[PDB]
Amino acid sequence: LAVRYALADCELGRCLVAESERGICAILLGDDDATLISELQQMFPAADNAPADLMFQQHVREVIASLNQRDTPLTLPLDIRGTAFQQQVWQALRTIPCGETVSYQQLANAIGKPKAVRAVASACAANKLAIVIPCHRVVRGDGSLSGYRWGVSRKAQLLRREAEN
C-alpha cells in the first residue's frame, strides 16, 4: 500500500501528485498544502513525501508537464481505483475530446444507463486524478460550471484553455 507524494506548483495552482507501485494514484489541486495532504491522507493515510526518490521525482515532473499543457496526454501508468461504475464513468470521460463538453445525461446515455444521471454526477466528483481523467469536461446541462471536485475557478480555467482560439 506504499504511497508516495510530492507538492508542486502548476498553472492551476498548488497540486499534489501521488504514486503507488502501480502508477499515479492521485492528482489533487488546491491552494494550500495542509488541505491537499489531509485530502490525500483521507484516501491514502500513511502516504509520505519522498524528496530523495530520484525516480519518483522524475515522474512528478512528467505529471506536472501534462498538467500545465492544453492537450499533452499523461503517458505514465495510472493506478485507477474504484467501482465498476466509477471505472466505467472515468473511462468514458477519457474519450471526451479536448475542447468539448458533454452533459451528465449524455454521459449517462453514452454508457447505457439513461436513468443513472445522479450516480454519474457523483462518479465525476469522486475522481482522484485531476485533469488526466478529464472530469472538468462534464457539465450539468443548465449553463453552470458547478460540480467540480476542485472548484469552479479551476473547472472554468480548464474549459477555457481547451476551448481556445
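Throughout, we count residues from 1 along the sequence that is shown.
Mean C-alpha B-factor is higher over 6-14 than over the other stretch, the pair under comparison being 6-14 and 21-29. Look at the mean CA B-factor for 92-100 and for 66-74 in the entry; the higher one is 66-74. Comparing the C-alpha B-factors of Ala46, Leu107, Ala123, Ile133 in the entry, the top value falls on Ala46. When all modelled residues of the chain are sorted by CA temperature factor, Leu158 is found within the lowest third. In the deposited entry, the Cα temperature factor of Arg118 sits in the middle third of values across the chain's modelled residues.
Per the deposited record, the Cα B-factor of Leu129 falls in the lowest third when ranked against the other modelled residues of its chain.
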